[PDB]
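Heads up: the structure comes next, in structure tokens.
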Amino acid sequence: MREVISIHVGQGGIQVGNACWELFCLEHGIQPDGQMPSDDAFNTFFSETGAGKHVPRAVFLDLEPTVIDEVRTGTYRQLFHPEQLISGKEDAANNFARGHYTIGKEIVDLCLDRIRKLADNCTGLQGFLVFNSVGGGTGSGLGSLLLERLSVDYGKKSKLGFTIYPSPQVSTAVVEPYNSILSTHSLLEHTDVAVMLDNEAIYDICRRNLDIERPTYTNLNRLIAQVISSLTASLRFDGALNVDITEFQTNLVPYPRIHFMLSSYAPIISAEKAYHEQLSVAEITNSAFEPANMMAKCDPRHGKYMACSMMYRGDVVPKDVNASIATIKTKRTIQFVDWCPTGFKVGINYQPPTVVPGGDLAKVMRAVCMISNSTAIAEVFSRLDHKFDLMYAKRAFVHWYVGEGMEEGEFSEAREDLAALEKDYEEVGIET
Amino acid sequence: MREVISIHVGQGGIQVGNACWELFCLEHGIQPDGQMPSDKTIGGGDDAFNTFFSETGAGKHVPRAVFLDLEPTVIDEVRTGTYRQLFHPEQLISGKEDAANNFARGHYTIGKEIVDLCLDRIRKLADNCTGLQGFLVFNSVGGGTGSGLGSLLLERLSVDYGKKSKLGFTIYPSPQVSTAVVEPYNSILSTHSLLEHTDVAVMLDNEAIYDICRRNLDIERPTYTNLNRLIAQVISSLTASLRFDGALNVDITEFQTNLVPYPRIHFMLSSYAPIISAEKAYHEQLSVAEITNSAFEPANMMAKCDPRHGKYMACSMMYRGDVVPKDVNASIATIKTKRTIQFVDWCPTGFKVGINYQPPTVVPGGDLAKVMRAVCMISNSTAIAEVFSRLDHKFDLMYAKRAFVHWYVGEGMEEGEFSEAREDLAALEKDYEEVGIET
Amino acid sequence: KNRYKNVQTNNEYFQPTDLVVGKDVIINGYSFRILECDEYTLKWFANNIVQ
Amino acid sequence: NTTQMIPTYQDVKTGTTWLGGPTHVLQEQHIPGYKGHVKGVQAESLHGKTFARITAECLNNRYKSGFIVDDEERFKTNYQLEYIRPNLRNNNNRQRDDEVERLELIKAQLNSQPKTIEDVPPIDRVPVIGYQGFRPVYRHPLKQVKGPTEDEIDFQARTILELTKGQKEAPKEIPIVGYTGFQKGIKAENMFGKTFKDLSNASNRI
Amino acid sequence: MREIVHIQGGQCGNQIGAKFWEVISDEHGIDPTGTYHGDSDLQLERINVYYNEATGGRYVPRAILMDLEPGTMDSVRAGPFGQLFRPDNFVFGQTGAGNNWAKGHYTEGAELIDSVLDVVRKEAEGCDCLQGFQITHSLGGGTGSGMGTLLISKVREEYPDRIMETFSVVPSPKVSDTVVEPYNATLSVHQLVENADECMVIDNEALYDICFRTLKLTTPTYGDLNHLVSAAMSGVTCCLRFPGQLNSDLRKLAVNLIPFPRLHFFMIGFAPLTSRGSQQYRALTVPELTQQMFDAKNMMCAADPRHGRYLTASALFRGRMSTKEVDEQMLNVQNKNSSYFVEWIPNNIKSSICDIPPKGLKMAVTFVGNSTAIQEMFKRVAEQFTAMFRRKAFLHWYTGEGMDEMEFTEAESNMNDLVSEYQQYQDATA
Amino acid sequence: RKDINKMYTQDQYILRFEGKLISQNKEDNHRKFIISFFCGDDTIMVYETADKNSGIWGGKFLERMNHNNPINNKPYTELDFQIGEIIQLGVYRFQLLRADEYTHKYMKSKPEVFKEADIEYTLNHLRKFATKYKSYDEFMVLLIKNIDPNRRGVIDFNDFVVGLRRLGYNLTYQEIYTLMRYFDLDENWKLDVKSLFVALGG
Ligand SMILES: Nc1nc2c(ncn2[C@@H]2O[C@H](COP(=O)(O)OP(=O)(O)OP(=O)(O)O)[C@@H](O)[C@H]2O)c(=O)[nH]1
Ligand SMILES: Nc1nc2c(ncn2[C@@H]2O[C@H](COP(=O)(O)OP(=O)(O)OP(=O)(O)O)[C@@H](O)[C@H]2O)c(=O)[nH]1
Ligand SMILES: Nc1nc2c(ncn2[C@@H]2O[C@H](COP(=O)(O)OP(=O)(O)O)[C@@H](O)[C@H]2O)c(=O)[nH]1
Ligand SMILES: [Mg+2]
Ligand SMILES: [Mg+2]
């Protein structure tokens, strides 16, 4: 009787939500039509129709019809509810003002209506997950507006945002710094937990570990899906040390302002060489803390650690976990902040990770995912602040936002908020 | 629960390590793909392969060695060969540009971008071991990339791990036979680098083993791989005490406690016996006394040095087979009685003796035969200064007119780097002559 | 302009009789099909090939 | 050649000679030191393969001669010539076949469920209720399915059972990871996202 | 990996490449249609060194054919294996230089070189990690001797760390088929010594004499000479394409074969060479190969190497051999002829082994020897150049396009100083 | 004197068996043991494996050493090492439960010393037993009715051996294993009495 509801806004959000949804259905044994192959646990993510098919607890929002059309013409035509796939007509065209004040204001109504219908059915609602690429106008604007509306409606209900920030130097658009800063300002005082999932780091991981030299978006979305499964496994499977989603905001955020943290996963390996080694829990947890394996392009060696919450799934043993944590604390290249004597939260789950046939991953009996909050994440804020400043000095591209209802001084207050956030980071980073 | 980590650098190092690892797999019964056979399905006993290998949980075993090179030919070649499935794929670290016999290129230009990955793999292999005994390093000293990478890796390891023992099996160029023309330079610089950084350094001169193959194995037309097989057998004899039962066990930690009187004096040379082919091996007794006499015979010395030109400092000698302490001591008594070999006055005793029950194993297609008795000796002595003196003369002849120096100057090294190495080698020769004098 | 071997006949040199309009020919790994030939060639056939 | 041919299995098992062996009864040698022409030493310049085996090779006439060589024995490398398995005492992997079998069975189970000939449920005749798109009016509304024909379903079937202990070989052989050679056309046709393991198979298969 | 491109200019370079790539295609089993037809896996293992890939599975040259007169390339395109070359890689002028170094180096070459530099820049960017550049040209022709050297200078200006090797066919005084050979040969070598990392010199009289005395053919042809040169210069780089006991790339040869930066002109040779009627009474052995190799006559330059002392030497044995006989024989020949080796460089020999011999052969040797005997070629070319220049004859032609006699004066000073400093090490004693 | 030719000729032949230990204490009746026989000089080694999460400090139990059977006062040979036999080393008695498939291949590939593993010998044994009964056909029908009381067509090893002992004639467990393994079509130790019947006669 415990449920979580998923919001999927923006093109990247939709095509990664597809990715996570094949994984969940395959892991619960759900056929693509949603009917059972004649075989409670799935209750977290699905809701019964009375006899037979199941409805996923997801809603997809977009203004550009092509991706929703692709989903509704794909193999999962009859899985999702046909009027929870909300599609608009005119794309925001990477314009944050368009997606925040002009068009999405008339679509958030039905988004909240569908949330109302999906939530009143639920009984022990745990919280909401939200997926949105930041480098997209409609994604950022709709995500911001939905977060503000859900804060004033729901309030204390937990919301977790998996944002994919643009890479420090590799970018697809040219005006993504503006909407990135605006969206960060918007969600800073509205979301509870925000995960860093930039693309350059996952690209490097795919190149190095899986031995893929020309990967595409599908593989990235698959790995993000595996991370989601790792996070939510304890919610629907028995384990020695299970945690709820609600056991995060009391463990990984020191202060209400600091709630942006970065993830990592292990092991990631190909079918060539998964079976040539033990996959020992000690070495996988060392690979987890290996700096180059971070899911975000940030260097942990340049900053202190506040907190680390780590999930293991498989046949791990508490003796082994304790012994590895002891070695980690012994190691000198990793240092924690002074006012945090112990910073480890651990969760254990019995069910092994599931492997997708025809995919890249091999089947391994042990896996671990870390969610870490550390001082080093200030560097992305600094670099995007420089990027925004270089633009806003000469007022480039400003008209494309001014003409659609944006006030001129709106950028200045977001800049001030980012500077205040950085100064808070500096203040908390010093020892007493 | 006792392990040792092997490192090979240079194509000579790769070719010798391949010969070592074929013999180790044959010794422990490892068929090339990794399983024991597929035809035996109990096993689960007498874990000794843990000395060199590591269990994957179900099936094959992984070698505890790392390969380093900058020219990819040998790495691709071995990755294509018969042991393709054995080695873990990212253990054979290969660069793009070779150092081209330049120590400067491999020590200051292109080795720094590969040393990070090398140390990463070293850590990833060290963490699994719990009672790891020490490190072995193999390198041809007459080559630029091998010398530079070996030197800088020794530099990093001596501070990363500190007190842990490291043994270097360097292949010094022959006194008069050479393959390249600029080997004196990088040999001197590598020697200077390793002098204060290796615990034990064993000489592996090629001309001596060429003569051995010509005389004993009756091979008039040998190759490098025969020498590699001989060196591999020597390695197996050295390491067998740590993975096979014996009446008197010796560890690698029992060498820097018995073999080197002074920290500066850590270069020694070895010999092995018997060396004979089955086509004439089984005609003779192969007694322990006679094999030990052959071992101390100067023409059988595995490095091109004359032991009759200098005093002896220490001798660590080891038997494998069915030897007995009576015959051991009876042979040692004859050795000490015989006049032509003289010890230094401050060492009335200088012999360390090791015993192992496992007889040597014979490789298919090899030259050596199977014998129930074998002896391998490692001696540190003052006669080794001759090669250093002649190499110094060669280097002085080269440096008198500043020839080839611009190649090292333009790769980022300071000009006077040769001077400090020359002073170090002169000081080493002075130290050797001072130790060799009587009280 | 140089003498070329013929794969079609025991790796021998080309001969004027080998050049046959209507039938394919191989010239140094190249496949040609002769469509029409000059009436001078017609004459030289009619006066020489007839045996 | 003598090294891998002689001490045969019959001779080593319940026989006079063991692995190394005084293999002199089996065939003739020249008992080291000997002054004379052995018909093959100064011409072919044999390597390693001690003098007994040198003389044995010449005497038993396995041999090779001439200034011309043709292709196959021309192109061998010393590494494989010397380190050629263990061979002769007691008589590699079965793999590549199990995963290729996994491959055809996946495609088999895929194309075995396209719901041929109006076997789909009453729903999905028409697209989803909210579809946008075009929906042309002068067209047959219900979708028509051709589907695979029973013969191609069987096409996969005898093959996948024949790969189970059948005549067709496990195809090709490949290197593992770091092989830097051409590997036959990964660049000409992109094959961008195809799992370098499977890239090797596909590119060598063509 | 560590691949290299081919740049050829001038008629001589074009016809060298025309036979060299036929040799390479035969060695790697490539048909004239670009489709692989080999027998072993190694024929594709280092195929990326000289070949790129195209759609349809075919192979394509990484060679640029570039010239100021298009007749030569129009003739070579029709040749066997000539359809491999990219039509785009061909670049040509429409005027011609008339064997004028000045015209080929200042007026037409300067304006033409933009496109060829662009395409070479494209090819260099295309390869994963470049090894260097090889050039083949003759110093007796004005367009080659000037424009190729200007291209070399520009290439060195952009890629200072890459290795440069050039095959210079200098005009010998005996076959002088043009009278302006001294001027353009000197103007070419002046620029060549300053920027070229390394050079091999080749002599037509040397090829003629070798063919007549060793191979004993009635009517030698430029095809046979090109085949000799192609085999000889493919031998040095074969060990880069095939495994061996001791791999030795061009960078290693450069490091181990020049004591000083300015002394990078070598004399080369190939073994074995035997006539058709005499090819069967010998058996190839290491002593036979080395004794035929170190003969003065077998060298591909008319310079007599026994008139001076070898500064250093390098030998690449190719074929299935092992090291004892090779190095013992090399030590033996070094000890036997100690008078012909300068003493302060003991063990002045490099030896390397490649495992794959030439097609149709068991053993082969590629030799590169840096000796002071090459000075006499510079002596004769300088005396001929001063005989030309003292009367200022044939000089108005050069001076009519912007350059003057100061360039000639500085060039002659440079080569005389080079000769003096090169012979200085001949008499040096330790 | 030491037999050197024996060392050289049969060094590689190593026999691996699995067994269970019959001896004094009740506590140690459960753990498993692996016996190794080196025929170079007829030497025996015993190893004790420790399954995970047991608490037994498993290790090397008896070393490579050579000793003889007490009653016959003769050293053990490869003939004595048959599966299902009881061998006493010193004071410790072992029952040979299982052998390696390599060991079975060696057994079957070397006849005229290992007669009990030879299938035609075992079948001839069982058939020449039938001289006691009056007629061959009634002997066979009594045989089938006694091994299969309910006529199922497939049985277990215990049922087969108890039926044969009910018959009373003496086959050792080695011949029983030989027949039982040979007549298992899908390698799960289920006898095909129909194949046994047709093999005997039809
Ligand atoms: N990691 C990841 N990033 C994506 C993916 N798809 C899009 N992005 C990022 O999203 C940015 C642009 O936003 P999109 O998601 O493509 O489109 P949008 O969010 O709907 O915004 P609009 O383009 O205005 O409709 C690009 O710069 C990409 O970096 C994806 O599948 N994975
Ligand atoms: N005994 C023996 N010596 C070898 C072997 N390979 C190389 N050497 C020695 O190594 C010296 C040259 O160095 P190499 O090992 O070939 O190459 P390197 O050490 O990696 O350095 P680079 O040449 O720059 O690549 C030669 O003089 C040989 O004496 C070998 O297989 N056996
Ligand atoms: N190796 C070789 N050299 C040639 C050939 N033809 C001409 N040469 C040499 O090239 C020189 C003349 O070069 P030239 O035609 O002026 O070159 P260009 O100025 O680039 O057209 C002569 O000295 C010849 O020795 C040939 O077929 N092979
Ligand atoms: Mg979009
Ligand atoms: Mg090398």
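Naming works like this for the structure tokens: A, B, ... for the chains as they're shown, residue 1 at the start of each chain, ligands 1 onward in shown order.
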Distance filter 7 Å around ligand 1, atoms: only C-alpha atoms and all ligand atoms, out as a VMD selection string: chain A and resid 10 to 13 15 to 16 62 64 91 to 95 132 to 140 164 166 171 to 173 198 to 199 217 220 to 221
Nearby polymer residues, ligand 3, at most 9 Å, only C-alpha atoms and all ligand atoms, as number ranges by chain: E: 9-16, 67-69, 72, 96-101, 104, 137-145, 169-172, 175-178, 181, 202-205, 207, 221-226, 229
Please check which protein, DNA or RNA residues sit within 6 Å of ligand 2, counting only C-alpha atoms and all ligand atoms, and write them as an mmCIF file with C-alpha atoms, in the first residue's frame.
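The file below, part-v9.cif, is the result:
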```cif
data_model
loop_
_atom_site.group_PDB
_atom_site.id
_atom_site.type_symbol
_atom_site.label_atom_id
_atom_site.label_comp_id
_atom_site.auth_asym_id
_atom_site.auth_seq_id
_atom_site.Cartn_x
_atom_site.Cartn_y
_atom_site.Cartn_z
ATOM 1 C CA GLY B 10 59.714 -3.664 -22.565
ATOM 2 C CA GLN B 11 59.339 -6.227 -25.313
ATOM 3 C CA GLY B 12 62.191 -8.194 -23.771
ATOM 4 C CA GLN B 15 58.989 -12.184 -24.130
ATOM 5 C CA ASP B 98 57.591 3.992 -28.569
ATOM 6 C CA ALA B 99 60.409 5.702 -26.695
ATOM 7 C CA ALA B 100 62.845 4.639 -29.460
ATOM 8 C CA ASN B 101 65.758 3.670 -27.188
ATOM 9 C CA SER B 140 65.814 -5.063 -20.509
ATOM 10 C CA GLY B 142 69.466 -1.571 -22.928
ATOM 11 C CA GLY B 143 66.143 -0.201 -24.124
ATOM 12 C CA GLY B 144 64.755 3.274 -23.664
ATOM 13 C CA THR B 145 61.120 2.627 -22.777
ATOM 14 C CA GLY B 146 61.943 -0.323 -20.537
ATOM 15 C CA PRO B 173 74.262 -5.553 -22.422
ATOM 16 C CA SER B 178 75.542 -5.164 -28.575
ATOM 17 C CA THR B 179 72.294 -4.703 -30.480
ATOM 18 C CA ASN B 206 72.995 -12.461 -22.698
ATOM 19 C CA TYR B 224 65.900 -15.470 -27.645
ATOM 20 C CA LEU B 227 67.145 -17.977 -23.161
ATOM 21 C CA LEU E 246 63.134 -6.784 -32.020
#
```
DSSP alpha helix (DSSP H) selection over segment 223-373 of chain E, as a VMD selection string: chain E and resid 223 to 241 250 to 257 286 to 293 323 to 336
Can I get the selection written as an mmCIF file, in the first residue's frame, with C-alpha atoms?
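Saved to selection-v4.cif:
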```cif
data_model
loop_
_atom_site.group_PDB
_atom_site.id
_atom_site.type_symbol
_atom_site.label_atom_id
_atom_site.label_comp_id
_atom_site.auth_asym_id
_atom_site.auth_seq_id
_atom_site.Cartn_x
_atom_site.Cartn_y
_atom_site.Cartn_z
ATOM 1 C CA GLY E 223 60.939 -0.525 -64.228
ATOM 2 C CA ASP E 224 63.664 -2.767 -62.810
ATOM 3 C CA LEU E 225 65.392 0.199 -61.169
ATOM 4 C CA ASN E 226 62.086 1.293 -59.627
ATOM 5 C CA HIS E 227 61.493 -2.261 -58.402
ATOM 6 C CA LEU E 228 64.917 -2.322 -56.739
ATOM 7 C CA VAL E 229 64.310 1.020 -55.034
ATOM 8 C CA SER E 230 60.802 0.010 -53.973
ATOM 9 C CA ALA E 231 61.911 -3.263 -52.391
ATOM 10 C CA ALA E 232 64.843 -1.553 -50.679
ATOM 11 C CA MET E 233 62.749 1.212 -49.138
ATOM 12 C CA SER E 234 59.865 -1.095 -48.239
ATOM 13 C CA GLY E 235 62.329 -3.242 -46.309
ATOM 14 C CA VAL E 236 62.998 -0.503 -43.756
ATOM 15 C CA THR E 237 59.297 -0.100 -42.911
ATOM 16 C CA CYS E 238 58.266 -3.760 -43.157
ATOM 17 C CA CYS E 239 59.253 -4.365 -39.530
ATOM 18 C CA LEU E 240 56.755 -1.621 -38.671
ATOM 19 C CA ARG E 241 53.996 -3.656 -40.361
ATOM 20 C CA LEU E 250 61.855 4.798 -38.042
ATOM 21 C CA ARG E 251 62.055 6.880 -34.867
ATOM 22 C CA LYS E 252 64.315 4.237 -33.321
ATOM 23 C CA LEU E 253 66.496 4.182 -36.440
ATOM 24 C CA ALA E 254 66.775 7.977 -36.381
ATOM 25 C CA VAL E 255 67.686 7.957 -32.687
ATOM 26 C CA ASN E 256 70.279 5.212 -33.075
ATOM 27 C CA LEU E 257 71.829 6.196 -36.411
ATOM 28 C CA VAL E 286 73.636 -15.300 -42.574
ATOM 29 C CA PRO E 287 77.371 -15.184 -43.479
ATOM 30 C CA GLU E 288 76.530 -15.078 -47.191
ATOM 31 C CA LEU E 289 73.966 -12.321 -46.671
ATOM 32 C CA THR E 290 76.304 -10.189 -44.577
ATOM 33 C CA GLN E 291 79.327 -10.649 -46.858
ATOM 34 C CA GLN E 292 77.291 -9.739 -49.939
ATOM 35 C CA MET E 293 75.698 -6.896 -47.965
ATOM 36 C CA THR E 323 70.038 -13.671 -32.956
ATOM 37 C CA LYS E 324 73.255 -15.572 -32.160
ATOM 38 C CA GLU E 325 74.528 -16.008 -35.710
ATOM 39 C CA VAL E 326 73.406 -12.499 -36.673
ATOM 40 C CA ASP E 327 75.154 -10.654 -33.865
ATOM 41 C CA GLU E 328 78.235 -12.890 -33.858
ATOM 42 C CA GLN E 329 78.663 -12.290 -37.599
ATOM 43 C CA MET E 330 78.191 -8.544 -37.157
ATOM 44 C CA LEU E 331 80.772 -8.494 -34.358
ATOM 45 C CA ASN E 332 83.095 -10.542 -36.574
ATOM 46 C CA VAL E 333 82.833 -8.124 -39.494
ATOM 47 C CA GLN E 334 83.247 -5.163 -37.126
ATOM 48 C CA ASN E 335 86.448 -6.658 -35.688
ATOM 49 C CA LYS E 336 87.862 -7.753 -39.058
#
```
For segment 105-120 of chain F: contacts at 10 Å, only C-alpha atoms, fewer than 4 positions along chain excluded, given as a ChimeraX atom specification: /B:39 /F:13-15,78-80,82,100-101,124-126,171-179,182
Write the residues you've just listed into a file as an mmCIF file, in the first residue's frame, and include N, CA, C and O atoms for each of them.
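out_37.cif written:
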```
data_model
loop_
_atom_site.group_PDB
_atom_site.id
_atom_site.type_symbol
_atom_site.label_atom_id
_atom_site.label_comp_id
_atom_site.auth_asym_id
_atom_site.auth_seq_id
_atom_site.Cartn_x
_atom_site.Cartn_y
_atom_site.Cartn_z
ATOM 1 N N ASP B 39 38.397 -31.759 -17.897
ATOM 2 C CA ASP B 39 38.228 -33.204 -17.771
ATOM 3 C C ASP B 39 38.345 -33.647 -16.312
ATOM 4 O O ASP B 39 37.935 -34.755 -15.958
ATOM 5 N N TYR F 13 49.842 -39.810 -14.338
ATOM 6 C CA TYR F 13 48.607 -40.489 -13.966
ATOM 7 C C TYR F 13 48.308 -40.253 -12.492
ATOM 8 O O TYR F 13 48.991 -40.796 -11.619
ATOM 9 N N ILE F 14 47.288 -39.443 -12.215
ATOM 10 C CA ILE F 14 46.887 -39.111 -10.852
ATOM 11 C C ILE F 14 45.412 -39.454 -10.714
ATOM 12 O O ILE F 14 44.602 -39.055 -11.558
ATOM 13 N N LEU F 15 45.055 -40.183 -9.661
ATOM 14 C CA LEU F 15 43.679 -40.631 -9.460
ATOM 15 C C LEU F 15 43.034 -39.787 -8.367
ATOM 16 O O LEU F 15 43.576 -39.667 -7.266
ATOM 17 N N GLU F 78 46.828 -49.618 -7.293
ATOM 18 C CA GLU F 78 45.686 -49.039 -7.990
ATOM 19 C C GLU F 78 44.503 -49.998 -8.032
ATOM 20 O O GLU F 78 43.355 -49.559 -8.161
ATOM 21 N N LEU F 79 44.758 -51.304 -7.926
ATOM 22 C CA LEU F 79 43.664 -52.268 -7.907
ATOM 23 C C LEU F 79 42.761 -52.062 -6.701
ATOM 24 O O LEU F 79 41.534 -52.144 -6.821
ATOM 25 N N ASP F 80 43.348 -51.792 -5.534
ATOM 26 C CA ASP F 80 42.556 -51.597 -4.328
ATOM 27 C C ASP F 80 41.687 -50.351 -4.404
ATOM 28 O O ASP F 80 40.621 -50.314 -3.781
ATOM 29 N N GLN F 82 39.175 -48.858 -5.790
ATOM 30 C CA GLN F 82 37.927 -48.871 -6.532
ATOM 31 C C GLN F 82 36.872 -48.164 -5.700
ATOM 32 O O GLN F 82 36.885 -48.231 -4.470
ATOM 33 N N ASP F 100 36.494 -39.134 -10.000
ATOM 34 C CA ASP F 100 36.448 -38.168 -11.086
ATOM 35 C C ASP F 100 36.160 -38.867 -12.408
ATOM 36 O O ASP F 100 36.430 -40.058 -12.581
ATOM 37 N N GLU F 101 35.597 -38.109 -13.347
ATOM 38 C CA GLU F 101 35.353 -38.635 -14.685
ATOM 39 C C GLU F 101 36.655 -38.966 -15.409
ATOM 40 O O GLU F 101 36.709 -39.916 -16.199
ATOM 41 N N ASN F 124 28.843 -60.798 -18.813
ATOM 42 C CA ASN F 124 29.144 -62.223 -18.837
ATOM 43 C C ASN F 124 29.026 -62.826 -17.446
ATOM 44 O O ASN F 124 28.496 -63.927 -17.287
ATOM 45 N N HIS F 125 29.529 -62.119 -16.433
ATOM 46 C CA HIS F 125 29.357 -62.519 -15.041
ATOM 47 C C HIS F 125 27.890 -62.774 -14.719
ATOM 48 O O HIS F 125 27.504 -63.870 -14.281
ATOM 49 N N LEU F 126 27.054 -61.761 -14.944
ATOM 50 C CA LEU F 126 25.649 -61.858 -14.565
ATOM 51 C C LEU F 126 24.950 -62.968 -15.336
ATOM 52 O O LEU F 126 24.093 -63.673 -14.793
ATOM 53 N N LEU F 171 27.318 -59.683 -6.601
ATOM 54 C CA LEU F 171 27.928 -58.633 -7.405
ATOM 55 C C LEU F 171 28.419 -57.542 -6.466
ATOM 56 O O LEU F 171 27.703 -57.148 -5.540
ATOM 57 N N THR F 172 29.640 -57.070 -6.695
ATOM 58 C CA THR F 172 30.141 -55.955 -5.916
ATOM 59 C C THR F 172 29.522 -54.649 -6.409
ATOM 60 O O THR F 172 29.032 -54.532 -7.545
ATOM 61 N N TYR F 173 29.551 -53.654 -5.524
ATOM 62 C CA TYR F 173 28.982 -52.359 -5.860
ATOM 63 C C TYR F 173 29.661 -51.757 -7.082
ATOM 64 O O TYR F 173 29.075 -50.913 -7.763
ATOM 65 N N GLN F 174 30.883 -52.196 -7.397
ATOM 66 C CA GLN F 174 31.562 -51.678 -8.579
ATOM 67 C C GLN F 174 30.879 -52.130 -9.867
ATOM 68 O O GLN F 174 30.600 -51.305 -10.746
ATOM 69 N N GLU F 175 30.603 -53.433 -10.007
ATOM 70 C CA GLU F 175 29.825 -53.888 -11.158
ATOM 71 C C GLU F 175 28.438 -53.265 -11.154
ATOM 72 O O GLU F 175 27.890 -52.942 -12.218
ATOM 73 N N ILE F 176 27.841 -53.108 -9.969
ATOM 74 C CA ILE F 176 26.530 -52.468 -9.925
ATOM 75 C C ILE F 176 26.603 -51.065 -10.518
ATOM 76 O O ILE F 176 25.762 -50.676 -11.338
ATOM 77 N N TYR F 177 27.623 -50.294 -10.132
ATOM 78 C CA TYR F 177 27.809 -48.953 -10.677
ATOM 79 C C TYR F 177 28.050 -48.989 -12.176
ATOM 80 O O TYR F 177 27.548 -48.137 -12.913
ATOM 81 N N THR F 178 28.856 -49.943 -12.638
ATOM 82 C CA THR F 178 29.142 -50.032 -14.065
ATOM 83 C C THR F 178 27.857 -50.210 -14.862
ATOM 84 O O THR F 178 27.572 -49.444 -15.793
ATOM 85 N N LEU F 179 27.050 -51.202 -14.481
ATOM 86 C CA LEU F 179 25.791 -51.441 -15.177
ATOM 87 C C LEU F 179 24.870 -50.232 -15.071
ATOM 88 O O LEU F 179 24.262 -49.804 -16.061
ATOM 89 N N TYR F 182 26.088 -47.315 -17.217
ATOM 90 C CA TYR F 182 25.963 -47.595 -18.643
ATOM 91 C C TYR F 182 24.516 -47.507 -19.109
ATOM 92 O O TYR F 182 24.235 -46.945 -20.174
#
```
